[PDB]
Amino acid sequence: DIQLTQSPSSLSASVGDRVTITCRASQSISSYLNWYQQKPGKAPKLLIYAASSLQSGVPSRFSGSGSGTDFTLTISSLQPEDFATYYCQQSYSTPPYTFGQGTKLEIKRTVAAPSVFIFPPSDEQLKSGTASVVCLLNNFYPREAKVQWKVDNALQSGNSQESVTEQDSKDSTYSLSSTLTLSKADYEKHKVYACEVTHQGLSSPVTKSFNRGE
């Protein structure tokens, strides 16, 4: 089977930068290489076929070159909406129709600190027997952020989940939602609920909190 290895696996770059991604095939595939783009929650989209042919409708900043075992996809002027995973794929010797493991491209931009909001559980939820406490971090860059839940100043562990949006198509920032899940009883055994956020754009951690009463 022909294996495809993409390099790098991850890459951050600035708007306007020239970006180059490489795909190496375990054996010669002539020009039977295609490049696809895939954004979160969407289907792949053809960018390049036959190593260097631009698919109709694709912006001209995408180009490809190579033949044999080494191929390159180049974005000559990176745009904010180019955040995505890029796959190479060979159609010379099949099956299998081999895809690369993908190269994830993020847009590099200036540091932006998150704005933080905390939301207590609703009464309607509490009567169900479970309490969800939500903490939102909005419009920050880079993606790396730390959320620490605290209940009466006791650091929580193992009882929270979180997820991060895709990179915004205009301003290239992220948002993150974190949920701390307690039982109604445990929730009513404590008073102060807080999320503490650590991020490069903050000189010191930022804490948002409430008291179970109000």
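Residue indices: 1-based, along the sequence shown.
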Subject >> Of 148 to 156 and 167 to 175, the one with larger mean CA B-factor >> reply: 148 to 156
Original post:
Which third of the chain holds residue 74 when residues are ordered by C-alpha B factor: lowest, middle or highest?
Top reply: lowest
**OP:** Select lowest, middle or highest to describe the third in which the CA B-factor of residue 126 falls within its chain in this entry.
**Re:** highest
**OP:** Name the third of the chain's ranked CA B-factors that contains residue 25, choosing lowest, middle or highest.
**Re:** highest
Subject >> Record-listed C-alpha B factor of residue 58: chain third >> reply: lowest
Original post:
Lowest, middle or highest third of the chain for the C-alpha temperature factor of residue 40?
Top reply: highest
